[PDB]
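Shown next, in structure tokens, is the structure this report addresses.
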Amino acid sequence: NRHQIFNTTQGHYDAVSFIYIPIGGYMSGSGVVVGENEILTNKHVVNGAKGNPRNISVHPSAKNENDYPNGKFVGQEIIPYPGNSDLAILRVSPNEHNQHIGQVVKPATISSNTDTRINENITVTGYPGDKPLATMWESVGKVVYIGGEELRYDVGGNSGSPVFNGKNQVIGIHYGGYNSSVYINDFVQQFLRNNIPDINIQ
Amino acid sequence: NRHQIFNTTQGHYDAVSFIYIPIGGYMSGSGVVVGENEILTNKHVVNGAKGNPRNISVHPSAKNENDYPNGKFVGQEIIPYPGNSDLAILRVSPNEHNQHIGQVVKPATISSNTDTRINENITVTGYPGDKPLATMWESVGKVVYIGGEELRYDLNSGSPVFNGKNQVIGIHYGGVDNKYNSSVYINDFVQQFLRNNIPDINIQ
Numbered sequence: 018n019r020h021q022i023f024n025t026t027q028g029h030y031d032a033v034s035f036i037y038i039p040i041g042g043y044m045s046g047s048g049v050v051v052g053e054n055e056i057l058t059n060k061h062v063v064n065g066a067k068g069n070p071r072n073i074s075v076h077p078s079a080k081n082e083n084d085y086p087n088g089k090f091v092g093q094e095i096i097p098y099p100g101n102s103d104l105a106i107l108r109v110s111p112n113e114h115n116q117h118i119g120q121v122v123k124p125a126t127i128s129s130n131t132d133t134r135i136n137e138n139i140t141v142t143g144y145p146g147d148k149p150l151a152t153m154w155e156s157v158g159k160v161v162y163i164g165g166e167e168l169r170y171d172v173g174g175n176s177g178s179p180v181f182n183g184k185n186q187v188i189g190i191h192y193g194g195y196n197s198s199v200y201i202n203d204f205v206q207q208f209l210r211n212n213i214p215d216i217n218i219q
Numbered sequence: 003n004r005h006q007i008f009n010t011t012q013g014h015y016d017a018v019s020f021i022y023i024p025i026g027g028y029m030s031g032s033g034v035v036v037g038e039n040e041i042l043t044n045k046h047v048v049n050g051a052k053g054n055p056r057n058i059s060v061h062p063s064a065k066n067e068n069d070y071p072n073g074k075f076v077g078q079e080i081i082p083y084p085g086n087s088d089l090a091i092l093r094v095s096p097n098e099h100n101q102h103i104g105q106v107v108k109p110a111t112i113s114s115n116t117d118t119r120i121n122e123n124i125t126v127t128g129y130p131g132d133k134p135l136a137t138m139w140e141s142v143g144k145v146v147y148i149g150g151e152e153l154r155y156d157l158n159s160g161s162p163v164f165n166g167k168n169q170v171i172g173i174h175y176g177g178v179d180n181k182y183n184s185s186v187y188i189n190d191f192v193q194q195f196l197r198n199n200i201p202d203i204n205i206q
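Protein chains in written order, with our numbering: chain R, 18 to 219; chain U, 3 to 206.
Encoded structure:
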């Protein structure tokens, strides 16, 4: 069961990011900082901006609706994964202090996924839409399926949430659905390397 | 002879560490990361901080004065070797990212020294003071004397002495000019001192 995170800027939680996109309302979602100016999230999240990346606000380490400890970063370029998975890179502008999103937080470590196997314990950490706005929540779960670019795990996760292994490395990006995530396999990794030259794959 | 190391974060070089201590000036020495929060260096290097470990800055895999690719870790506790040898452990605090020094580089392997013999080829690798600041250099040499805690070789303070397997067999501390270089030999007594203080020490 889910537990709220309160020290959102400490340890591996600081790269977990809250996404806000206005529309007669708003869509929210989750993502994870992975590069100097880059986060990962879903295609169906960035699609909410209707082609206009500056409609997307990204709040790394957001703690609640009135506590954005790292401010916000506005989207600059949407880079969707060419393959048929719910993955996109969002490139964000520097903030109103000309700091870079990869400088105010530590970019997450991506897992090579050489050791990832079913029955492994994982966590999914992000901003569930059934909780107060921009509150970070971590759920514990178990990998139950790995195939191609699909990784399923064993309640629900918020669109774009990073999936972490026991080493606090990102093994996948939750996209919906058991729960489904985008498995960061070799093809996904090369996509990341092609676009995020400082990507940290361990 | 001796050659500059440029890819200081690759292979066994990443644990080699540059040490900076302000004193109307500064003193610089060398050391080697051997645990999660621990480096080995000389007594006469840590003595430069005048009792205050926070005066010591440790830069693992330092490449030059303007290039510290693994940043800096600040001294937290000085642990001298109880015996009469120029050896100290420096425990360092986490960095501003709360990373431990043994997580940012691979801690060096220590030699059990069961096979170490005279005439064996070794390297001495560190940050000599006759070279530009924080530049790492490797020096090839030959063991000529082993006795007690004393290991001497032909060819600096705190530089690890590596065998052919890239294991640390000693910690350079000096010598007598035009005669021999001296290191602290990591013998069974030194080895046990390391175990008593460095939980994750790696001796092979």
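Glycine is no exception: its CB is placed at the ideal position from the N, C-alpha and C atoms.
Nearest-angstrom Cα distance between residue i and residue j?
i: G193/R; j: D31/R; result: 23 Å
i: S47/R; j: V157/R; result: 17 Å
i: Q78/U; j: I58/U; result: 9 Å
i: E40/U; j: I91/U; result: 6 Å
i: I163/R; j: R169/R; result: 7 Å
i: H76/R; j: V36/U; result: 39 Å
i: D203/R; j: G100/R; result: 12 Å
i: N185/R; j: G41/R; result: 37 Å
i: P111/R; j: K89/R; result: 9 Å
i: residue 6/R; j: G28/R; result: Because chain R here runs from 18 to 219, residue 6/R falls outside it and cannot be looked at.
i: residue 12/R; j: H191/R; result: Residue 12/R cannot be examined here, being either before or after the span of chain R that is shown, 18 to 219.
i: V18/U; j: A64/U; result: 8 Å
i: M29/U; j: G131/U; result: 9 Å
i: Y98/R; j: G172/U; result: 51 Å
i: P134/U; j: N115/R; result: 34 Å
i: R4/U; j: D156/U; result: 12 Å
i: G53/U; j: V94/U; result: 14 Å
i: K144/U; j: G143/R; result: 57 Å
i: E82/R; j: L209/R; result: 30 Å
i: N198/U; j: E152/U; result: 21 Å
i: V172/R; j: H61/R; result: 20 Å
i: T118/U; j: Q194/U; result: 18 Å
i: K181/U; j: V76/U; result: 36 Å
i: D179/U; j: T131/R; result: 52 Å
Can the beta-carbon of residue i be found less than 7 Å from the beta-carbon of residue j?
i: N165/U; j: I200/U; result: no
i: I135/R; j: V161/R; result: yes
i: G177/R; j: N87/R; result: no
i: residue 15/R; j: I118/R; result: In the structure as shown, chain R starts at 18 and stops at 219, and residue 15/R therefore has no counterpart that could be examined.
i: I81/U; j: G50/U; result: no
i: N196/R; j: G174/R; result: yes
i: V48/U; j: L42/U; result: no
i: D215/R; j: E53/R; result: yes
i: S114/U; j: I25/U; result: no
i: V186/U; j: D88/U; result: yes
i: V205/R; j: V180/R; result: no
For the beta strand (DSSP E) that contains residue i, what are its first and last residues?
i: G193/R; result: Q186 to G193
i: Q6/U; result: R4 to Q6
i: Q12/U; result: Looking at the DSSP string, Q12/U is not in any beta strand (DSSP E), and its letter there is neither H nor E.
i: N196/R; result: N196 to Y200
i: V163/U; result: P162 to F164
Is residue i near the ligand MG, judged by its Cβ being under 6 Å from some heavy atom?
i: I171/U; result: Among the components modelled here there is no ligand, and therefore nothing to report on the ligand MG.
For the alpha helix (DSSP H) that contains residue i, what are its first and last residues?
i: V62/R; result: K60 to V63
i: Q194/U; result: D190 to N199
Within 7 Å (strictly less), CB to CB, does residue i reach chain B?
i: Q206/U; result: Of the protein chains in the structure, R and U, none is chain B.
| message | When you compare the region 143-157 of chain R with the region 19-26 of chain R, are there three or more beta-carbon pairs, one atom per stretch, that lie closer than 8 Å? | response | yes
| task | Ignoring anything shorter than 3 residues or poking outside the region 101-156 of chain U, list the beta strand (DSSP E) runs there in chain order. | result | Within the region 101-156 of chain U, complete beta strand (DSSP E) segments of at least 3 residues are found at 123-128, 139-149 and 152-156, given in chain order.
| field | Touch test, the region 45-59 of chain U against the region 105-120 of chain U, Cβ-Cβ under 8 Å, three pairs minimum | value | no
| Secondary structure, alpha helix (DSSP H): runs of 4+ residues fully inside the region 10-96 of chain U | 45-48
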